[PDB]
Every structure is written in structure tokens, then in C-alpha cells.
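Chains as they are written, first to last, in the deposited numbering: chain A, 10 to 125; chain B, 10 to 125; chain B', 10 to 125; chain A', 10 to 125. A prime marks a further copy of an entry chain.
Number of protein chains: 4
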Amino acid sequence: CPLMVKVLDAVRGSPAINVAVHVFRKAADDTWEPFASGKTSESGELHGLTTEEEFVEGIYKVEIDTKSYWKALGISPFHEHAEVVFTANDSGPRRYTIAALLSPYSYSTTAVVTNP
Amino acid sequence: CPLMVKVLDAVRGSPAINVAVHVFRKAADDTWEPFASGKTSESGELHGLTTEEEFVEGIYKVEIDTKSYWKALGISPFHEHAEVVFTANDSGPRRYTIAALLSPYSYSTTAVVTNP
Amino acid sequence: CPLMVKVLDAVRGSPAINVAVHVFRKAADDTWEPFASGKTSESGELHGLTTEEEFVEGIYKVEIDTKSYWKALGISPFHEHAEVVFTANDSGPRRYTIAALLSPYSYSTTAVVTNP
Amino acid sequence: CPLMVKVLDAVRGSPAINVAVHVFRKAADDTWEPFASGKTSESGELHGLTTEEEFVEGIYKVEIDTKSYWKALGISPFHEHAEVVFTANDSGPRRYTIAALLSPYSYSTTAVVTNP
């Protein structure tokens, strides 16, 4: 898995389940092209977004729909979504884990990058 | 001062000085129009971005140029920038503090919303 | 003011008000002796803990009673309290800001060390 | 595994490897008794600290030696260690993951608690 997303809920101390995630890649004409999408599983993870062959050098954006997650729990949150933007694979193929920790008025995001 | 930004450096335990910040407002055509910008001061803060008159309800994006900050320190960072997207809502008098805590592979952002 | 504490609530996007803080200094017998204490103000800050005269080099512990704070809101929390342990070192003039960002199952703490 | 610890490095974007961890349990006489210890693996994880039979109700402290980790990388950090203190199993047996994200002047810690 070259790209995996993991989302945790800091209010409940649990994985964040059924969170929508959209990934985009910056195209030649400086616009964001849809690349992949999915929802987190019961473990708060999203696997299988892409393959090593498809995941070429580029600037990518991972957008996590945090607002819908909190609203479904009855909480009105601050952010519209969480976005993570990064250059990938520019010194060769790597594996990327993007982790997000969510609270209604705060989030953090961390990347773990490994060389296969 | 209804909107202020504070940026901290988690590697050095210091304010993040001279970081570029751009603020955008979402226009009816669903694109981002420039709204305000500046560089953080010696205390890592950016004040005087807008006034109560101009800061109407709407969707705002705050973009922090984190990549330039780490590159000046000689540290290779993960993210292209840090983006915070939120709705401003009239619901009594509101002041918004957007704080960001920066590491090379991780950031957190928190909103503090108070009423004078 | 060489030592100050700031506490934020990530669930409500507000200062964490009326939180008990205790400060201890490590004594030569390797036990913790009380040093200073207080409750955070309306802005979530605690000032006036000590003076430059008394704040000598040594190992200090700052204990934040997070559990009582969440229990007052009716939220069941994970941690018994939040503890920050550090060495104060004379190395030019130093002011220490210890910040904590609280969620029910997660906290972060950051030190900002500046020189007037 | 009733108790697992995972440690990440926010400066390098990698797991934090060979980090010493000590766990204690509060004894009848209000002192901290040693319970288990170990070091994180190449994946930044520490498994096998305890069993369900041994992991009874109590107040536990997980101490992570962050200072030694940073010093070995040539960085002088702020904190002496990171401590996580919590009541475990008081409403029946659960599984606990304690995660820590480390920077030299900041850390965060999150608990994920599941019902087996």
C-alpha cells in the first residue's frame, strides 16, 4: 500500500469510522484532478486507494471530511474539512501513511514515510 | 481584531517568526479570493488582518507557508503548506484565534473562539 | 514572570477556565516538594507562580488536574491528570510558557522558551 | 494484547525506534510499583507488556524516555520524559493503545480503548 490514511477520534478514544476521504493530484494546468476516494473502515483506516504504478511523482491533496463526521455525532465543529498537501515520490517511490487525530475545534496530522 | 493567527515551532520551542500567511474568502462562484495577508511577528503572531465591518459571515481559508519556514532552517519538511478552512458565523460577538503548531512532518491547528 | 501555564479546551474551542495546576520541584532526596499552585483564569492562563529569584536551576513538574475539568462538563475522560516534567537551565535570560491542549482522550503539551 | 504503546517521531516522519518504556501500577500504599518494561521495535511499537490475567483494575503510569531518544539524535529536548497516567479496567477488561507523537519541545498522547 503506497498511500494509507488513518483517522482517530480524540473525544471518544476510538478510531474514526466511516469518514469520507478524497484524494486529488495537481494536473499540468495547475488544477486539482480527482485521484481516488473512499471511507475509513471500523479500524479507522483506508487502504487500497492506489497502486505503485499509478502513484507517480506529483503534488497530492488528501481531503478528510471531518465536518460530516462530527455533525453525525451531534457536535457542531469548527473546520469544514482537514486538508493535507504534499509532494510525493520526487526522489523515488515511497510508502506514505497520513494520520489525523480529530477534535471538534482542533486536529493534528502526521505523515510517516518509509522506503520500501 | 476579530481574526488573529499564532504560529509556534515545536522543534525549537519558539514562536515561528516571519512566516507568510494568506487569508482567502470563498466567493459566490466557488473560488478563493484574496482577503488579507502578512508575515508573523517576533512573537509568532499576526494581527490587524481585518475589521469587524469587513469580516462578514462566510467561508474562509487561512494558508500558512510552512515549507518556506523549514527550508530557511535547513530542515526538509513534508507539507507544501498548512491550510485551515472554516465558516465564520454571527452568533453573538466573536473573536477567532487560529493557532498552528509546526513540526517538519506534523502540524496541529486549533481554533479558540471567544466573546468579549 | 519566568513561568506561565496556558490551558486550552479542544472540544469547545475555548480557554480551559478554573483548572487546578500544581508545580513541584525535585528535592535532593529525589521526592517532589510543592512549589506553587493556582487555578487558570478566564483566559485559561496562570501567572504569578514564581519569581526569577526563587526559580533556580532544577527539575520541575507541572501537574494539571484534567480529570476534574472534564467531569465538570459531564464528559468521561481517560487521563488522571497531565504531567509535564522538565529541567530549568540558566543559559541567558529565560521565560517558560507551558501550554496544554486538552481533549477527553488526548492531550498535547508544548514549551515556548523565550528571552526578553 | 491488553496494553500496547506506539511512538512516532514528528521531526523525521518515522516510527520512534528503541525508545525505552516503563510501566508502573499504584500499590495499596500509594506508591508506584514496577509492572513491565520494554523498548519500541522498528515499527515504533511495544507489544507483549502484559496479559489479561495480570492486568487487573488499577491506576497505571506509562513513562516514555523521550529525553534519551532525542539526545542520541543530537538534539537537546525540553522534557525529561512523557508520562501517561490512567485508571484501567474499572468497568471490566478493555484493550488499550497508548500512542505518543514526539517533537523536541512538544508531545501529544492519545489513547484508543476497545472492548474485546
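C-beta: ideal position from N, C-alpha, C; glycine also.
- Message: What does DSSP give as the partner residue(s) for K70 of chain B' in the beta ladder?
- Response: B':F33 and B':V94, per the DSSP bridge assignment.
- Use the C-beta contact count for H88 of chain B': other C-beta atoms within 10 angstroms, 16 or more gives buried, fewer gives exposed. Within 10 angstroms of the beta-carbon of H88 of chain B' lie 16 or more other beta-carbons, which makes it buried.
- Message: Against chain B', does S46 of chain B count as a neighbour if the rule is that its beta carbon must be under 8 angstroms from one of theirs?
- Response: Among the CB atoms of chain B', none fall inside 8 angstroms of the CB of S46 of chain B.
- Item | Distance between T118 of chain B' and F95 of chain B' (C-alpha atoms, nearest Å) | A straight line joining the alpha-carbon of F95 of chain B' with that of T118 of chain B' spans about 12 angstroms.
- For chain A', find out if any of its Cβ atoms is closer than 8 angstroms to the Cβ of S112 of chain B; answer yes or no. Chain A', which has a Cβ nearer than 8 angstroms to the Cβ of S112 of chain B, makes this yes.
- Query: Nearest CA to the CA of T106 of chain A: which residue from B:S115, B:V93 and B:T106?
  - Reply: Taking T106 of chain A as reference, the option from B:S115, B:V93 and B:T106 with the minimal CA-CA separation is B:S115.
- Message: Does the CB of residue 9 of chain B' have a neighbour CB from chain B at under 8 angstroms?
- Response: Because residue 9 of chain B' is not part of the residues shown, which for chain B' are 10 to 125, the question remains open.
- Item | According to DSSP, residues forming a beta bridge with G101 of chain A' | DSSP, once it has assigned bridges, lists A':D99 as partnering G101 of chain A'.
- Can you pull the DSSP bridge partners for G53 of chain A? Bridge partners of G53 of chain A: none, in fact.
- Message: I'd like the span of the alpha helix (DSSP H) that includes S77 of chain B, first residue to last.
- Response: According to the DSSP assignment, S77 of chain B belongs to the alpha helix (DSSP H) that extends over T75 to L82.
- Message: If you follow the beta strand (DSSP E) that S115 of chain A' is in, where does it begin and where does it stop?
- Response: Start and end: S115 to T123.
- Within the chosen definition, does the stretch 42–52 of chain A' reach the stretch 55–72 of chain B' through at least 3 CB pairs nearer than 8 angstroms? Touching, no, given that fewer than three Cβ pairs across the two stretches are closer than 8 angstroms.
- Message: On the DSSP letters alone, give me the boundaries of the beta strand (DSSP E) that residue 185 of chain B sits inside.
- Response: Residue 185 of chain B falls outside the range modelled here, since chain B spans only 10 to 125, and no answer is possible.
- Task: Tell me whether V28 of chain B' sits in a helix, a strand or coil according to DSSP, three-state version.
- Result: Here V28 of chain B' sits in coil by DSSP.
- Message: With distance defined between alpha-carbon atoms, name the residue in A':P125, A':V93, A':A97 and A':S100 nearest to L110 of chain A'.
- Response: The option with the nearest alpha carbon to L110 of chain A' is A':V93.
- Does the stretch 21–32 of chain B touch the stretch 70–85 of chain B, meaning 3 or more C-beta pairs lie closer than 8 angstroms? Touching, yes, given that three or more Cβ pairs across the two stretches are closer than 8 angstroms.
- Contact check, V65 of chain A' vs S112 of chain B under 8 angstroms by CB: the rounded distance? With 8 angstroms as the limit, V65 of chain A' and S112 of chain B do not qualify as a contact, their Cβ atoms being about 37 angstroms apart.
- Task: Please confirm whether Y69 of chain B and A25 of chain B have their CB atoms less than 8 angstroms apart.
- Result: At a Cβ-Cβ threshold of 8 angstroms, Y69 of chain B and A25 of chain B do not count as neighbours.
- Query: If you measure beta-carbon to beta-carbon, which residues of the stretch 18–40 of chain B are closer than 8 angstroms to chain B'?
  - Reply: Going along the stretch 18–40 of chain B in chain order, one finds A19, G22, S23 and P24 with a Cβ nearer than 8 angstroms to chain B'.
- Pull up the distance between the alpha-carbon of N98 of chain B and that of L17 of chain B, whole angstroms please. In a straight line, the C-alpha of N98 of chain B is about 26 angstroms away from that of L17 of chain B.
- Message: Less than 8 angstroms between the beta carbons of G22 of chain B' and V14 of chain B, yes or no?
- Response: No. Outside cutoff.
- Item | Interface partners of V93 of chain B' on chain A', CB under 8 angstroms | Those within 8 angstroms of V93 of chain B' in chain A' are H88.
- Item | Rounded separation between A37 of chain A' and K80 of chain B - CA only | So the alpha carbons of these two residues sit roughly 53 angstroms apart.
- Item | Element boundaries [beta strand (DSSP E), containing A45 of chain A] | Unbroken beta strand (DSSP E) run through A45 of chain A: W41 to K48.
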